[PDB]
Amino acid sequence: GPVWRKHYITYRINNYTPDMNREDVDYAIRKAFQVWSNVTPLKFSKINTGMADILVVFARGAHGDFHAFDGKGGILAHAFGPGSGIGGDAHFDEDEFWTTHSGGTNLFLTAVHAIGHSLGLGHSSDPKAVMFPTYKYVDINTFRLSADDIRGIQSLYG
Ligand SMILES: COc1ccc(S(=O)(=O)N(Cc2cccnc2)[C@@H](C(=O)NO)C(C)C)cc1
Ligand SMILES: [Ca+2]
Ligand SMILES: [Ca+2]
Ligand SMILES: [Ca+2]
Ligand SMILES: [Zn+2]
Ligand SMILES: [Zn+2]
Ligand SMILES: [Zn+2]
């Protein structure tokens, strides 16, 4: 449905996974937002005071919405499309083991996908798109938005 009317957008990390150290969580999330700001007029800013447009939450099982997480494996993450309140928020399953690299579920890659939803994208049919609804680890230096991702997001934020 609706897209952000404004081009200045805040995010707050509600809480931290104990799987990675704090600085690595910040880094992953920052880099994930950068991916999208790189191809749009959107500007993202992290806050810890006031109210963020996008709340980033790590939680297991039932966590206050109607989409409970399911333990280790399966559902990794979900996010809500643009809007007030819960709109834009991105939730990560704490029962996953979040990693800077290949040996669990990579936070950066998962967050790029989740944030795509937070900005209003649905799933892609293109297996090389970040919005493809299958997790597959890629070298975070071999990482790139596909043409379908870029086309998609630019159709929303021209
Ligand atoms: C690359 O980033 C990813 C983030 C999340 C997932 S996810 O497996 O958790 N996933 C898609 C899915 C996969 C398999 C079977 N049913 C649903 C959720 C999803 O698409 N959330 O955004 C779905 C259950 C809502 C996969 C990849
Ligand atoms: Ca929100
Ligand atoms: Ca899970
Ligand atoms: Ca965990
Ligand atoms: Zn719902
Ligand atoms: Zn949730
Ligand atoms: Zn998804």
# chains A, B, ... in the order shown; residues from 1 in each chain; ligands from 1
$ closest_atom_pairs --of "chain A" --to "ligand 2" --cutoff "6 Å" --atoms "only C-alpha atoms and all ligand atoms" --output "Markdown table"
| residue | atom | partner | partner_atom_place_in_ligand_line | distance |
| --- | --- | --- | --- | --- |
| A:53 | CA | ligand 2 | 1 (Ca) | 4.2 |
| A:54 | CA | ligand 2 | 1 (Ca) | 4.4 |
| A:55 | CA | ligand 2 | 1 (Ca) | 5.7 |
| A:84 | CA | ligand 2 | 1 (Ca) | 5.5 |
| A:85 | CA | ligand 2 | 1 (Ca) | 4.6 |
| A:86 | CA | ligand 2 | 1 (Ca) | 4.4 |
| A:87 | CA | ligand 2 | 1 (Ca) | 4.3 |
| A:88 | CA | ligand 2 | 1 (Ca) | 4.5 |
| A:89 | CA | ligand 2 | 1 (Ca) | 4.8 |
$ residues_near_ligand --ligand "ligand 4" --cutoff "9 Å" --atoms "only C-alpha atoms and all ligand atoms" --output "count of residues only"
14
$ residues_near_ligand --ligand "ligand 6" --cutoff "10 Å" --atoms "only C-alpha atoms and all ligand atoms" --output "MDAnalysis selection string"
chainID A and resid 56:69 77:80 86 89:93
$ closest_residue --among "A:47, A:156, A:28, A:129" --to "residue 100 in chain A" --atoms "only C-alpha atoms"
A:28
$ residues_near_ligand --ligand "ligand 7" --cutoff "12 Å" --atoms "only C-alpha atoms and all ligand atoms" --output "PyMOL selection string"
chain A and resi 75-81+90-92+109-125+129-135
$ write_last_selection --atoms "N, CA, C and O atoms" --output "short mmCIF file (atom, residue, chain, number, x, y, z; two decimals), in the first residue's frame"
data_model
loop_
_atom_site.label_atom_id
_atom_site.label_comp_id
_atom_site.auth_asym_id
_atom_site.auth_seq_id
_atom_site.Cartn_x
_atom_site.Cartn_y
_atom_site.Cartn_z
N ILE A 75 10.99 -19.12 10.15
CA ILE A 75 10.86 -17.68 10.04
C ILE A 75 12.07 -17.03 10.69
O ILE A 75 12.41 -17.34 11.84
N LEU A 76 12.72 -16.14 9.94
CA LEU A 76 13.88 -15.43 10.44
C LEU A 76 13.54 -14.03 10.89
O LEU A 76 14.11 -13.53 11.88
N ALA A 77 12.63 -13.38 10.17
CA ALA A 77 12.36 -11.97 10.33
C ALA A 77 11.09 -11.57 9.58
O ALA A 77 10.71 -12.21 8.59
N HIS A 78 10.42 -10.53 10.06
CA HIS A 78 9.33 -9.90 9.30
C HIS A 78 9.31 -8.41 9.54
O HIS A 78 9.88 -7.93 10.52
N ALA A 79 8.68 -7.67 8.63
CA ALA A 79 8.57 -6.22 8.76
C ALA A 79 7.28 -5.70 8.14
O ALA A 79 6.77 -6.27 7.17
N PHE A 80 6.79 -4.60 8.70
CA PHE A 80 5.53 -3.99 8.32
C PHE A 80 5.78 -2.83 7.37
O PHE A 80 6.76 -2.11 7.53
N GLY A 81 4.89 -2.66 6.40
CA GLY A 81 5.02 -1.56 5.44
C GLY A 81 4.84 -0.17 6.04
O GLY A 81 4.40 -0.03 7.19
N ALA A 90 10.52 -3.55 12.08
CA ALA A 90 11.22 -4.74 11.60
C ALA A 90 11.61 -5.63 12.77
O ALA A 90 12.31 -5.19 13.67
N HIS A 91 11.15 -6.87 12.75
CA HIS A 91 11.32 -7.79 13.87
C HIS A 91 12.18 -8.97 13.45
O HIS A 91 11.97 -9.56 12.39
N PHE A 92 13.16 -9.30 14.30
CA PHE A 92 14.12 -10.36 14.02
C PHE A 92 14.00 -11.44 15.08
O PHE A 92 14.01 -11.13 16.28
N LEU A 109 22.22 -9.19 5.64
CA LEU A 109 21.42 -9.63 4.49
C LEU A 109 19.95 -9.69 4.83
O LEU A 109 19.10 -9.29 4.03
N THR A 110 19.66 -10.19 6.04
CA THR A 110 18.28 -10.34 6.49
C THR A 110 17.63 -8.97 6.68
O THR A 110 16.47 -8.77 6.33
N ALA A 111 18.41 -8.04 7.24
CA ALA A 111 17.97 -6.66 7.47
C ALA A 111 17.73 -5.89 6.17
O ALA A 111 16.82 -5.06 6.12
N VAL A 112 18.52 -6.15 5.12
CA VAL A 112 18.30 -5.50 3.82
C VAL A 112 16.91 -5.89 3.28
O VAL A 112 16.14 -5.02 2.86
N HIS A 113 16.61 -7.19 3.33
CA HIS A 113 15.28 -7.72 2.99
C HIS A 113 14.16 -7.09 3.83
O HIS A 113 13.20 -6.54 3.28
N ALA A 114 14.29 -7.18 5.16
CA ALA A 114 13.29 -6.61 6.09
C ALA A 114 13.02 -5.12 5.84
O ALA A 114 11.87 -4.69 5.75
N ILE A 115 14.09 -4.33 5.73
CA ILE A 115 13.98 -2.89 5.45
C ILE A 115 13.30 -2.61 4.11
O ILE A 115 12.58 -1.62 3.99
N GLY A 116 13.50 -3.48 3.12
CA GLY A 116 12.77 -3.39 1.85
C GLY A 116 11.26 -3.36 2.10
O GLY A 116 10.56 -2.51 1.55
N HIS A 117 10.77 -4.29 2.92
CA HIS A 117 9.37 -4.30 3.36
C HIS A 117 9.00 -3.01 4.11
O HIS A 117 7.92 -2.45 3.89
N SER A 118 9.87 -2.57 5.02
CA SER A 118 9.65 -1.35 5.80
C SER A 118 9.45 -0.12 4.91
O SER A 118 8.82 0.86 5.31
N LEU A 119 10.03 -0.18 3.71
CA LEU A 119 9.92 0.91 2.75
C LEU A 119 8.79 0.69 1.74
O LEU A 119 8.53 1.56 0.91
N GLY A 120 8.12 -0.46 1.82
CA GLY A 120 6.94 -0.73 0.99
C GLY A 120 7.06 -1.75 -0.13
O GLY A 120 6.12 -1.93 -0.91
N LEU A 121 8.19 -2.44 -0.22
CA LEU A 121 8.36 -3.46 -1.24
C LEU A 121 7.74 -4.77 -0.80
O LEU A 121 7.76 -5.10 0.39
N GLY A 122 7.20 -5.52 -1.76
CA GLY A 122 6.77 -6.89 -1.53
C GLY A 122 7.86 -7.84 -1.97
O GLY A 122 8.99 -7.42 -2.23
N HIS A 123 7.52 -9.12 -2.07
CA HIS A 123 8.49 -10.13 -2.49
C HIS A 123 8.75 -10.13 -4.00
O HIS A 123 7.86 -9.83 -4.79
N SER A 124 9.98 -10.48 -4.37
CA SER A 124 10.40 -10.58 -5.76
C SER A 124 10.40 -12.04 -6.21
O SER A 124 10.64 -12.93 -5.40
N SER A 125 10.13 -12.24 -7.51
CA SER A 125 10.23 -13.54 -8.18
C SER A 125 11.64 -13.83 -8.69
O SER A 125 11.95 -14.95 -9.11
N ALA A 129 17.30 -11.22 -6.47
CA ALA A 129 16.85 -10.03 -5.74
C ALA A 129 16.94 -10.24 -4.23
O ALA A 129 16.67 -11.34 -3.73
N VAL A 130 17.27 -9.17 -3.50
CA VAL A 130 17.30 -9.25 -2.04
C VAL A 130 15.89 -9.49 -1.49
O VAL A 130 15.72 -10.07 -0.42
N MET A 131 14.88 -9.08 -2.27
CA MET A 131 13.46 -9.24 -1.89
C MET A 131 12.88 -10.63 -2.22
O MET A 131 11.71 -10.89 -2.00
N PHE A 132 13.72 -11.50 -2.78
CA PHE A 132 13.39 -12.91 -2.98
C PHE A 132 13.19 -13.53 -1.59
O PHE A 132 14.07 -13.39 -0.72
N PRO A 133 12.05 -14.21 -1.37
CA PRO A 133 11.72 -14.69 -0.02
C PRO A 133 12.41 -16.01 0.38
O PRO A 133 11.78 -16.87 1.02
N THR A 134 13.67 -16.17 0.01
CA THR A 134 14.50 -17.30 0.46
C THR A 134 15.82 -16.74 0.97
O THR A 134 16.47 -15.93 0.29
N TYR A 135 16.22 -17.13 2.18
CA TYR A 135 17.53 -16.76 2.65
C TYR A 135 18.62 -17.61 1.98
O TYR A 135 18.52 -18.83 1.91
#
$ residues_around --residues "residue 140 in chain A" --least-positions-apart "2" --cutoff "9 Å" --atoms "only C-alpha atoms" --output "list in words"
residues 101, 108, 109, 137, 138, 142, 143 and 144 of chain A
$ write_last_selection --atoms "C-alpha atoms" --output "PDB file, in the first residue's frame"
ATOM      1  CA  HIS A 101      29.381 -13.623   8.533  1.00  0.00           C
ATOM      2  CA  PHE A 108      22.998  -7.560   7.281  1.00  0.00           C
ATOM      3  CA  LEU A 109      21.425  -9.632   4.488  1.00  0.00           C
ATOM      4  CA  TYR A 137      24.152 -16.426   2.267  1.00  0.00           C
ATOM      5  CA  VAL A 138      26.219 -14.207  -0.001  1.00  0.00           C
ATOM      6  CA  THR A 142      29.631  -9.916  -3.459  1.00  0.00           C
ATOM      7  CA  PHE A 143      26.331  -8.419  -2.274  1.00  0.00           C
ATOM      8  CA  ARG A 144      24.385  -6.110  -4.561  1.00  0.00           C
TER       9      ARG A 144
END
$ closest_residue --among "A:154, A:105, A:15, A:37" --to "ligand 3" --atoms "only C-alpha atoms and all ligand atoms"
A:105
$ residues_around --residues "residue 42 in chain A" --least-positions-apart "2" --cutoff "12 Å" --atoms "only C-alpha atoms" --output "number ranges by chain"
A: 3-10, 33-40, 44-45, 119, 153-154, 156-158
$ write_last_selection --atoms "N, CA, C and O atoms" --output "mmCIF file, in the first residue's frame"
data_model
loop_
_atom_site.group_PDB
_atom_site.id
_atom_site.type_symbol
_atom_site.label_atom_id
_atom_site.label_comp_id
_atom_site.auth_asym_id
_atom_site.auth_seq_id
_atom_site.Cartn_x
_atom_site.Cartn_y
_atom_site.Cartn_z
ATOM 1 N N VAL A 3 3.362 4.555 0.773
ATOM 2 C CA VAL A 3 4.803 4.763 0.896
ATOM 3 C C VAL A 3 5.056 5.963 1.811
ATOM 4 O O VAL A 3 4.144 6.781 2.035
ATOM 5 N N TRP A 4 6.275 6.073 2.347
ATOM 6 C CA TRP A 4 6.645 7.243 3.140
ATOM 7 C C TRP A 4 6.523 8.509 2.278
ATOM 8 O O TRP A 4 7.097 8.578 1.191
ATOM 9 N N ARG A 5 5.755 9.486 2.768
ATOM 10 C CA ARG A 5 5.566 10.797 2.132
ATOM 11 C C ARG A 5 6.794 11.683 2.289
ATOM 12 O O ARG A 5 7.073 12.558 1.456
ATOM 13 N N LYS A 6 7.492 11.468 3.399
ATOM 14 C CA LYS A 6 8.676 12.217 3.758
ATOM 15 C C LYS A 6 9.905 11.459 3.279
ATOM 16 O O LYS A 6 9.849 10.243 3.081
ATOM 17 N N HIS A 7 10.995 12.200 3.090
ATOM 18 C CA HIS A 7 12.257 11.645 2.612
ATOM 19 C C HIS A 7 13.326 11.609 3.708
ATOM 20 O O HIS A 7 14.467 11.229 3.466
ATOM 21 N N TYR A 8 12.947 12.002 4.922
ATOM 22 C CA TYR A 8 13.832 11.921 6.082
ATOM 23 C C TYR A 8 13.217 10.947 7.095
ATOM 24 O O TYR A 8 12.119 11.187 7.599
ATOM 25 N N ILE A 9 13.921 9.849 7.379
ATOM 26 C CA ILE A 9 13.325 8.692 8.081
ATOM 27 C C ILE A 9 14.233 8.173 9.207
ATOM 28 O O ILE A 9 15.413 7.905 8.991
ATOM 29 N N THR A 10 13.672 8.042 10.407
ATOM 30 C CA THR A 10 14.446 7.665 11.590
ATOM 31 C C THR A 10 14.272 6.184 11.944
ATOM 32 O O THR A 10 13.221 5.588 11.680
ATOM 33 N N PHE A 33 20.510 -0.089 5.793
ATOM 34 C CA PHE A 33 19.834 1.138 5.375
ATOM 35 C C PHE A 33 20.568 1.848 4.233
ATOM 36 O O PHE A 33 19.935 2.349 3.298
ATOM 37 N N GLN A 34 21.898 1.875 4.307
ATOM 38 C CA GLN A 34 22.741 2.510 3.274
ATOM 39 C C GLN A 34 22.506 1.956 1.876
ATOM 40 O O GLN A 34 22.566 2.692 0.891
ATOM 41 N N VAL A 35 22.265 0.651 1.806
ATOM 42 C CA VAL A 35 21.967 -0.050 0.555
ATOM 43 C C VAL A 35 20.790 0.605 -0.183
ATOM 44 O O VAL A 35 20.847 0.829 -1.394
ATOM 45 N N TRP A 36 19.742 0.931 0.569
ATOM 46 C CA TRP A 36 18.545 1.542 0.018
ATOM 47 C C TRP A 36 18.686 3.054 -0.225
ATOM 48 O O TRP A 36 18.207 3.563 -1.237
ATOM 49 N N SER A 37 19.351 3.768 0.677
ATOM 50 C CA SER A 37 19.553 5.212 0.486
ATOM 51 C C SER A 37 20.467 5.495 -0.704
ATOM 52 O O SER A 37 20.397 6.564 -1.319
ATOM 53 N N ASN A 38 21.287 4.512 -1.048
ATOM 54 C CA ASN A 38 22.202 4.601 -2.170
ATOM 55 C C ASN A 38 21.517 4.712 -3.533
ATOM 56 O O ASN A 38 22.072 5.268 -4.467
ATOM 57 N N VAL A 39 20.313 4.160 -3.636
ATOM 58 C CA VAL A 39 19.560 4.140 -4.894
ATOM 59 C C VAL A 39 18.229 4.911 -4.839
ATOM 60 O O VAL A 39 17.405 4.775 -5.746
ATOM 61 N N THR A 40 18.010 5.689 -3.773
ATOM 62 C CA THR A 40 16.782 6.484 -3.595
ATOM 63 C C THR A 40 17.108 7.884 -3.046
ATOM 64 O O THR A 40 18.233 8.127 -2.608
ATOM 65 N N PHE A 44 18.330 8.168 5.987
ATOM 66 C CA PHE A 44 18.029 7.443 7.217
ATOM 67 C C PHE A 44 18.897 7.922 8.376
ATOM 68 O O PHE A 44 20.075 8.241 8.192
ATOM 69 N N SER A 45 18.304 7.977 9.564
ATOM 70 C CA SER A 45 19.011 8.461 10.738
ATOM 71 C C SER A 45 18.619 7.683 11.970
ATOM 72 O O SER A 45 17.444 7.424 12.238
ATOM 73 N N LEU A 119 10.025 -0.179 3.708
ATOM 74 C CA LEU A 119 9.916 0.909 2.749
ATOM 75 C C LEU A 119 8.787 0.690 1.741
ATOM 76 O O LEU A 119 8.535 1.565 0.906
ATOM 77 N N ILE A 153 12.156 -0.216 -5.827
ATOM 78 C CA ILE A 153 12.257 0.872 -4.873
ATOM 79 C C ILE A 153 12.175 2.249 -5.556
ATOM 80 O O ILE A 153 11.576 3.182 -5.014
ATOM 81 N N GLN A 154 12.740 2.366 -6.755
ATOM 82 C CA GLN A 154 12.702 3.628 -7.489
ATOM 83 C C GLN A 154 11.315 3.924 -8.068
ATOM 84 O O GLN A 154 10.971 5.094 -8.263
ATOM 85 N N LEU A 156 8.713 3.337 -6.315
ATOM 86 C CA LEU A 156 8.070 3.893 -5.118
ATOM 87 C C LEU A 156 8.541 5.291 -4.741
ATOM 88 O O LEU A 156 7.723 6.114 -4.324
ATOM 89 N N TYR A 157 9.833 5.579 -4.891
ATOM 90 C CA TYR A 157 10.374 6.858 -4.392
ATOM 91 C C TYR A 157 10.945 7.855 -5.421
ATOM 92 O O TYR A 157 11.650 8.797 -5.039
ATOM 93 N N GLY A 158 10.600 7.697 -6.700
ATOM 94 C CA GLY A 158 11.085 8.582 -7.799
ATOM 95 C C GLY A 158 11.494 10.037 -7.553
ATOM 96 O O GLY A 158 11.626 10.844 -8.492
#
$ closest_residue --among "A:152, A:74, A:104, A:127" --to "ligand 1" --atoms "only C-alpha atoms and all ligand atoms"
A:74
$ decode --residues "range 52-80 of chain A" --atoms "N, CA and C atoms" --output "mmCIF file, in the first residue's frame"
data_model
loop_
_atom_site.group_PDB
_atom_site.id
_atom_site.type_symbol
_atom_site.label_atom_id
_atom_site.label_comp_id
_atom_site.auth_asym_id
_atom_site.auth_seq_id
_atom_site.Cartn_x
_atom_site.Cartn_y
_atom_site.Cartn_z
ATOM 1 N N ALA A 52 11.010 6.744 16.756
ATOM 2 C CA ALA A 52 11.515 6.360 15.436
ATOM 3 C C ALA A 52 10.394 5.915 14.497
ATOM 4 N N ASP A 53 10.558 6.169 13.200
ATOM 5 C CA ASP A 53 9.663 5.625 12.168
ATOM 6 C C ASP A 53 9.783 4.103 12.101
ATOM 7 N N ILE A 54 11.020 3.611 12.117
ATOM 8 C CA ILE A 54 11.305 2.189 12.018
ATOM 9 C C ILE A 54 11.903 1.724 13.349
ATOM 10 N N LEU A 55 11.150 0.899 14.069
ATOM 11 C CA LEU A 55 11.679 0.268 15.265
ATOM 12 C C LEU A 55 12.236 -1.108 14.920
ATOM 13 N N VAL A 56 13.493 -1.337 15.304
ATOM 14 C CA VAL A 56 14.174 -2.620 15.092
ATOM 15 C C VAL A 56 14.133 -3.392 16.404
ATOM 16 N N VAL A 57 13.559 -4.593 16.359
ATOM 17 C CA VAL A 57 13.297 -5.412 17.542
ATOM 18 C C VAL A 57 13.845 -6.835 17.360
ATOM 19 N N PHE A 58 14.561 -7.321 18.378
ATOM 20 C CA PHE A 58 14.929 -8.729 18.480
ATOM 21 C C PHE A 58 14.067 -9.388 19.551
ATOM 22 N N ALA A 59 13.366 -10.456 19.169
ATOM 23 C CA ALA A 59 12.454 -11.141 20.083
ATOM 24 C C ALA A 59 12.218 -12.575 19.664
ATOM 25 N N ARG A 60 11.909 -13.440 20.629
ATOM 26 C CA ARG A 60 11.543 -14.827 20.334
ATOM 27 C C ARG A 60 10.055 -15.072 20.596
ATOM 28 N N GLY A 61 9.495 -16.069 19.918
ATOM 29 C CA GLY A 61 8.086 -16.450 20.087
ATOM 30 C C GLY A 61 7.127 -15.274 19.948
ATOM 31 N N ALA A 62 6.142 -15.220 20.836
ATOM 32 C CA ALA A 62 5.145 -14.141 20.837
ATOM 33 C C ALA A 62 5.764 -12.841 21.360
ATOM 34 N N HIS A 63 5.645 -11.773 20.578
ATOM 35 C CA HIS A 63 6.325 -10.520 20.918
ATOM 36 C C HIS A 63 5.491 -9.253 20.708
ATOM 37 N N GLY A 64 4.173 -9.387 20.789
ATOM 38 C CA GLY A 64 3.305 -8.217 20.863
ATOM 39 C C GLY A 64 2.552 -7.887 19.591
ATOM 40 N N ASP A 65 2.881 -8.591 18.502
ATOM 41 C CA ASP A 65 2.054 -8.583 17.286
ATOM 42 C C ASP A 65 1.343 -9.933 17.096
ATOM 43 N N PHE A 66 0.648 -10.119 15.976
ATOM 44 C CA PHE A 66 -0.073 -11.360 15.758
ATOM 45 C C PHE A 66 0.668 -12.312 14.817
ATOM 46 N N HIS A 67 1.995 -12.285 14.899
ATOM 47 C CA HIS A 67 2.862 -13.058 14.013
ATOM 48 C C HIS A 67 4.006 -13.647 14.824
ATOM 49 N N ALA A 68 3.668 -14.533 15.766
ATOM 50 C CA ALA A 68 4.675 -15.044 16.694
ATOM 51 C C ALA A 68 5.786 -15.737 15.928
ATOM 52 N N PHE A 69 7.009 -15.613 16.438
ATOM 53 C CA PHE A 69 8.118 -16.337 15.868
ATOM 54 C C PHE A 69 8.062 -17.812 16.283
ATOM 55 N N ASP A 70 8.887 -18.639 15.636
ATOM 56 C CA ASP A 70 8.708 -20.091 15.641
ATOM 57 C C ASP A 70 9.903 -20.921 16.129
ATOM 58 N N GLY A 71 10.764 -20.339 16.963
ATOM 59 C CA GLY A 71 11.978 -21.038 17.370
ATOM 60 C C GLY A 71 13.080 -21.026 16.315
ATOM 61 N N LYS A 72 14.116 -21.842 16.527
ATOM 62 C CA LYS A 72 15.262 -21.821 15.611
ATOM 63 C C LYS A 72 14.924 -22.366 14.227
ATOM 64 N N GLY A 73 15.350 -21.627 13.206
ATOM 65 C CA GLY A 73 15.031 -21.961 11.818
ATOM 66 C C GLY A 73 13.677 -21.422 11.412
ATOM 67 N N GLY A 74 13.257 -21.730 10.191
ATOM 68 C CA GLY A 74 11.950 -21.281 9.707
ATOM 69 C C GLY A 74 11.959 -19.787 9.522
ATOM 70 N N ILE A 75 10.993 -19.119 10.151
ATOM 71 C CA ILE A 75 10.861 -17.683 10.037
ATOM 72 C C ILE A 75 12.071 -17.034 10.690
ATOM 73 N N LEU A 76 12.715 -16.141 9.942
ATOM 74 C CA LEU A 76 13.882 -15.427 10.435
ATOM 75 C C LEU A 76 13.539 -14.027 10.893
ATOM 76 N N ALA A 77 12.626 -13.384 10.170
ATOM 77 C CA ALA A 77 12.363 -11.969 10.329
ATOM 78 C C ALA A 77 11.089 -11.572 9.581
ATOM 79 N N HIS A 78 10.420 -10.526 10.058
ATOM 80 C CA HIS A 78 9.328 -9.900 9.298
ATOM 81 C C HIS A 78 9.314 -8.408 9.540
ATOM 82 N N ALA A 79 8.685 -7.671 8.630
ATOM 83 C CA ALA A 79 8.565 -6.217 8.761
ATOM 84 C C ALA A 79 7.283 -5.696 8.135
ATOM 85 N N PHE A 80 6.790 -4.596 8.696
ATOM 86 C CA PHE A 80 5.527 -3.987 8.316
ATOM 87 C C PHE A 80 5.781 -2.834 7.371
#
